[PDB]
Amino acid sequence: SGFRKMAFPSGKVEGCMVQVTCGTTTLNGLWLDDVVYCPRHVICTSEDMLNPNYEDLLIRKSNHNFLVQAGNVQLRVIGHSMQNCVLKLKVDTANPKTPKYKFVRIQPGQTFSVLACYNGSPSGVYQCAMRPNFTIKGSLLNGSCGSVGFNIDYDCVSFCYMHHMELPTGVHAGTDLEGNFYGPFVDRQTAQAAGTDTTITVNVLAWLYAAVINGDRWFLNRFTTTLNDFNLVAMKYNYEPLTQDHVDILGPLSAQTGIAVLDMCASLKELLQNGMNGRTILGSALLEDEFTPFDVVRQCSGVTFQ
């Protein structure tokens, strides 16, 4: 029993982290097979970053200009290219700790674990959601660029995020592992801001199913509602719309706990309207929207990884 914001075990990703230095600038890289991936602004001075021309900056660089350190081993760089906002460095040594892996681009509301690194070394791991405005509520500092976000499926690491920048209000933005930003941001130090954020409704419901699984049931009322009556109320409270795909996805939890997805929607409808009245669900005094249905199932049924 019990419900925590759980991270994926990080060991597979730890074996892939390296430090990448170009001149004065140092950040983290991901070493997979014989390629190191990192954010392209490693090739910028602090001044370049206000208004960089990356293609121009990269012409001036040759392979020996990139210092890649894996522990106390320097990896010899034998090629380099740029793919959108990530730099790819080919090295003459294949990382022997490379796990089976894929590159994926995730959807808003999906979760992943971030392995926060500095100088190629891990500082910690935590669970994050891609927010509907395409930010993540991270804990990331100077030097953390190149830290990656990931899921594990059995023995396979799906890398979905590489960290690039912090935005106003202390939220974070980055790219998929092809260098393509989540959201309309660019890797340049100029005034930018996230769109107004919104609550991931399918995740709140999944969290409510987890509460039921763990014996938190005071918020259950005796009502149903159609998808229309609920989504109408949700729009006003700035809640993302709930689709029938979401209902289908919530299915396994609905069948497990004996509560139809629409009955949970009825219960949540009341909660939003009437407030929690000083009580807590799973020890939180706020509706929680950063657990996907599969996160709840993986947590509550003990799913492991190899």
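All residue numbers refer to positions in the sequence shown, first residue = 1.
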Q.
I need to verify one thing: averaged over C-alpha atoms only, is the B-factor higher for 281-289 or for 20-28?
A. 281-289
(Q) Quick check on the record: does 116-124 or 103-111 carry the larger mean Cα temperature factor? (A) 103-111
Q.
Among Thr98, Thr199, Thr135, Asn142, where is the Cα B factor highest in this entry?
A. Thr199
Q | Peak C-alpha temperature factor (PDB record), options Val42, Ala70, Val36, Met276 | A | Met276
Q) Should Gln192 be placed in the lowest, middle or highest third of its chain by the C-alpha B factor in the entry? A) middle
Q: Can you work out whether the C-alpha temperature factor of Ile152 puts it in the lowest, middle or highest third of the chain?
A: middle
(Q) Quick check for you: using the entry's CA B-factors within this chain, is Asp92 in the lowest, middle or highest third? (A) middle
Q: Taking the values exactly as deposited, rank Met162 by C-alpha B-factor within its chain and report the matching third: lowest, middle or highest.
A: lowest
Q. With respect to C-alpha B-factor, does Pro184 fall in the lowest, middle or highest third of the chain as deposited?
A. middle
